[PDB]
Structures are given as C-alpha cells and as structure tokens.
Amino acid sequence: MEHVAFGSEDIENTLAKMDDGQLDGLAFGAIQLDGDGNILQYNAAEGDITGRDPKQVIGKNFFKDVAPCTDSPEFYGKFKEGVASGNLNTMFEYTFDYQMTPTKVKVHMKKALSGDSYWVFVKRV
C-alpha cells in the first residue's frame, strides 16, 4: 500500500510521482481530470467504490458520460469554477446513485501540480 492520507495538505505533491500502478495502491478513490472533465487516470479503489472498470472509463467525460450524479451546481459547478479560476480545493459529502446502490462518500477536489489537471479523491463515509 502507498501510504498517503485522504485530505493531506500536500497530497498533490505526493501523487505527482505516481504512475497508474502506484495510484492503485492508494487507500481511497482517485480520479484525474483535465479541464474539460475527461478522465485521465482512475484507480483500483474508486472501482471498488463505484463498480466501474478503470480501464474502460479512461477517456470518457466524467460529468456527461460517467457520473451524471455530479452534473449539478454542488459538484460540477464547483469544478468548473475552479478550472476557470485556476484554483480549487474543496471537500464535501455526496451521494453516488446512477446505476448503482446509493453510496454516500466524501469527495475532495484539488488542482494538480501539473498544468491543467485536477484530482477528485473519494472515500466511504
């Protein structure tokens, strides 16, 4: 297991070193998005949480295709405000409920160290 705590203030630095294999080692869900919301990486843990196969969702749009739950002012609206501003660091609870058992999660979105990408980190609550 890669030893990184959900919500760590320097998480973006830590994760900058990780390849997709090392990301699968994390104790929580992790998704990397571009500024348009397309999925760049998606880890083994998120898959546990949501049922989705990671390999298959890479390249799809998270807000339009993969995760309609999140197309709302409360989730997407926060994301897009962050991309436009060039800063984002927010943490909230949410329920995922598209084609799955409604599952309550804590979400943390943060801008990545890298140019124009963003992290969504997810854990059960």
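All residue numbers refer to positions in the sequence shown, first residue = 1. Each form is matched to the other, and the largest set of C-alpha atoms that superpose within 1.5 Å is called the rigid core.
Peer 1: Superpose on the core, then say which of 64 to 72 and 26 to 34 ends up with the larger RMS Cα offset from this form in 8 other deposited structures of this protein.
Peer 2: With the rigid core fitted, 26 to 34 is the stretch that strays more in 8 other deposited structures of this protein.
Peer 1: If you take the mean CA temperature factor per stretch, which one wins between 11 to 19 and 110 to 118?
Peer 2: Per the PDB record, 110 to 118.
Peer 1: If you average the Cα B factors in the entry, which is higher, 53 to 61 or 36 to 44?
Peer 2: Result: 53 to 61.
Peer 1: Taking the values straight from the PDB record, which of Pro68, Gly29, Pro73, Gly86 has the highest C-alpha temperature factor?
Peer 2: Checking the PDB record, the top C-alpha B-factor among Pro68, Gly29, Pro73, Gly86 is at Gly86.
Peer 1: Where does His3 sit by CA temperature factor within its chain: lowest, middle or highest third?
Peer 2: For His3, the deposited C-alpha B-factor lands in the highest third.
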